[PDB]
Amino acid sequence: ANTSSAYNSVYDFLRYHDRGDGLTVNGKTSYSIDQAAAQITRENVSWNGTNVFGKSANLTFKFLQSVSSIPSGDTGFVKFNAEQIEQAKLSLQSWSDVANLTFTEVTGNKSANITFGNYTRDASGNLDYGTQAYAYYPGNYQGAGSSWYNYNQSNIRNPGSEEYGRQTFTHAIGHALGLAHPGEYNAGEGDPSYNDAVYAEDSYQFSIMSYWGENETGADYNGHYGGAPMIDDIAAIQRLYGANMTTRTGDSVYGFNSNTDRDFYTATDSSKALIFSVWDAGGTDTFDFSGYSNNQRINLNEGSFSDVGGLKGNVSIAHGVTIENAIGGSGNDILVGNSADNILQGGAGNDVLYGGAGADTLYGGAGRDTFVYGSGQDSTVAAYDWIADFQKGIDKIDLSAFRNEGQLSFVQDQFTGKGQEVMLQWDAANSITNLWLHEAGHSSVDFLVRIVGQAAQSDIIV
């Protein structure tokens, strides 16, 4: 079963960052999304009480203007500045986007579920320029839900320009909602490291509640920080409060030309980095990564990771989400669809497109592109694929995967019945080329790929 390098690149990319199922990664136990979610919510606490799951919540938040004391003992209180307020609201929004939560600001003497405030000194009254931030779990105790940040840190004062600040806000709010660090560790306590992680997926690539960089799991964000909930965070927060099915239910576009009105899902130009795990509750959606020149690998399968804009493992799709279309850039990309009907556009460069199950429409774009098929279920007659811009003598249709059940043979105009034969039929009236494949074990011809344009036998890889 010697398959092509194109098929192999798809086969391997589909297994990129496989997790759970008794696997061992980095010498650690591998957790599935749900296992990581249960670990992150191990304190079993939320604003609805203890051991209460799938229950929505309407919460209040406040930017403290003064304090009688900070619950931690720290001192030198400083209220949130305008930039911190705006970024904190964006962090709150990134959480309410995915879970059934509503946030309403309160002012004056009114109490609030979640509060924000800065500190600058320790209990002894000495300047603290080393710590970052901390927050308290939901509860009925003094300080529950309060979050605090070190004003002496520039990233805390300028969260809109220093990415770690925004990520810190999202992280802290996570605690204020009931989420814990993926492992038993905290700042100030000894000096933990990724080696102390309970499971392999305890890193920024999977959870912003982690303490470890995305590099620990093989990802690379080139010095950037995502700022929004990642895949395991989304599953975790939804475990506690339920999923928000009213978010972006229309046709949504992520990346370039985005209509999300969310900075973390938007790329205004090629120099912008994208780091996100998408939550989308409906409609026909598109991953538009057309503005990059880097060779990208885009996967539309729920729960999967993609390598976008030169970064590694920076984009993922949350469990329970179906993204339909993808657009690559000028680089040599790999686009992998899911079981839904996908429209894939490779763009310039030599791309590898794989529609998977469902009736997909594929555009290789300029360049020497390869349209890959891994099984007869990829393009059944009842839901056939369309390759709309095939270039005879330039593009290729890869059927090497069918070798695992016998080498495919080319027939000119008739099937013998022996099976495992491929045929190209030209429809002069419509200028359409029908690619028929009579697969072994199939009494009837059940595989068909319709091509808008001419195709030669030498363009078909068997």
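In case it trips you up, residue 1 is the first one in the sequence shown, and so on.
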task = Give the stretch, out of 54-62 and 23-31, with the larger mean C-alpha temperature factor in the deposited entry.
result = 23-31
query = Should the higher mean CA B-factor in the entry be assigned to 207-215 or to 119-127?
reply = 207-215
note = For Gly190, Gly358, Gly329, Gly174, the deposited C-alpha B-factor is largest at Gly190
task = Name the third of the chain's ranked CA B-factors that contains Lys89, choosing lowest, middle or highest.
result = lowest
key: Assigned third (lowest, middle, highest) for the C-alpha B factor of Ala366   = middle
message = How does the C-alpha B factor of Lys79 compare with the rest of the chain: lowest, middle or highest third?
response = lowest
note = Split the chain's modelled residues into thirds by Cα B-factor; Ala440 lands in the highest
request  = Using the B-factor values recorded in the entry, state whether the Cα atom of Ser111 falls in the lowest, middle or highest third among the modelled residues of its chain.
outcome  = highest
